[PDB]
Structure formats: structure tokens, C-alpha cells
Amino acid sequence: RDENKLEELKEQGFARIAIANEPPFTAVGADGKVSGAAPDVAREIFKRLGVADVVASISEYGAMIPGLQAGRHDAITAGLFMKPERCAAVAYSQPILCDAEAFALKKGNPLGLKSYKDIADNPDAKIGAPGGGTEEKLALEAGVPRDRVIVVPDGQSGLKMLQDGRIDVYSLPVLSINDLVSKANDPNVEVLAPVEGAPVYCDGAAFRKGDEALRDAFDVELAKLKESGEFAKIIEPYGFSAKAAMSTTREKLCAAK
């Protein structure tokens, strides 16, 4: 289950992957099929490694690394963006899904919220964000107090919380917000993208430190997918940029900048 992880996954027939259900990063249809850019890439690569299918678990973003280190899943494939502190806890693949950050906001933006700092500087402003995710951390880092950063389980709840006036802003990656609002059919909601002063992130498939040999194998296929253009064929129908991911590396994103 360490150096010989791939072998066991092959003779097991499947790999356990962690997702959050946030299109177009991850998605689950009523059928039960797991799609989205991250699981499709993960699915294709595992297939190439002799691993016949993926079995997915839904959880919130903050439970993913703990679940991985506890050995509950074989990889995180969910748009879990590379950050120094995350990089120190897992063995990431090379970059896959890149995106900026966005705001879902009341029409006309009554509070003038354009950066995470704007939220911090207004004591009335509450921001909705996934628990343990990048947006929550960026709000906290900009100086939004804990009790004004509100944990939101998923996009549909964030939208509803915004409509109810529980939050003044809901924050996800641009592609996630765009997808959510276009399906929302709500003239009172408005998108602000990208968030001013917020970093641009890329994710990878995240593995246990002791599963680095599996990570290497996954990466050999990722690199071949990138080289052929097949990588672009999988992720770009979802709105992602292949070039962005190919323009940087794990080490650059994991660097303390």
C-alpha cells in the first residue's frame, strides 16, 4: 500500500477519489455518474494505468486532506488548489485545472465589494465560502473576522443564502460561479470576476506522501496527455485553459511566494 500502491489498485479494479460536487470542477448527475474536469482527467489517467474505474466520495474541501492522510481515499481530484501548506501535507501531481476567484453578488453591487479587503473593511459584510477552501482563507487573510466568513456547504446553498440576505457575497472560482449563476435564473444576482487582489490558482491530483510512486505514474500519463493535446480535449469543453496549466509547475505553485 506504499511503493506498490498502483499494483493493488489494479488488482482492486478501482481508485477512491475525493470530490466536492462543484461544476465544472466536479459534477454528479442524477444517474450517479461522476463527471467534471477533475474526475474525467483522473478517470482517463487511472484507466491508462490499468485501474478500471474510479469510486468517488463527496465531502467539503476541508475534510479532503485529512481523509487522504487517514487513508480513506487514494487521491483528491476536486480542484484542490496547490498552496505551500497543502503541498507540505500531500504529494501533488503537476498542474491540471487553473482558475481565478469570483464573487456572486447582489445586482448593482450595493456594498462596492470588489476585493476581499472590501469585505474586511465593512463590518456589515458577510462572505460565504466553502469550509477549508481558498476563498475562506483569503477572506481571513485580508482581515475578515471568523464570524463574518460563513461556511457554505455547496453552490446552490450559497446562492440561496445570498438571496436570503444571510451573506452579502458568495465566493468560488470564476468557472464555478459562472456555471452556478447561469443555471440560477436570477436577475438579482451578479458576477464580479476576477476578484481584485486575489491570486490565480491551479490544482493537481493530490496523493499521500507515501504514495509518491503512484503520483509519478499518474504524472507520466498527465504529461503524455498534455503533449498530444488530449489534455486540452478533456478540460477545455469545461472552460479551463490547457496552456495556463502547461505554463507553470507544481514547484512554482508550491513555492512560498
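Numbering starts at 1 and follows the sequence shown.
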| query | finding |
| --- | --- |
| Residue stretch of maximal mean CA temperature factor, 72-80 vs 181-189 | 181-189 |
| Residue range whose averaged C-alpha B-factor is higher in the record, 246-254 or 2-10 | 2-10 |
| Chain-relative CA temperature factor third for residue 39 | middle |
| Modelled-residue ranking by C-alpha temperature factor, third containing residue 199 | middle |
| CA B-factor ranking of residue 66, expressed as a third of its chain | middle |
| Lowest, middle or highest third - CA B-factor, residue 121 | middle |
| Ranked against its chain, the third holding the CA B-factor of residue 228 | lowest |
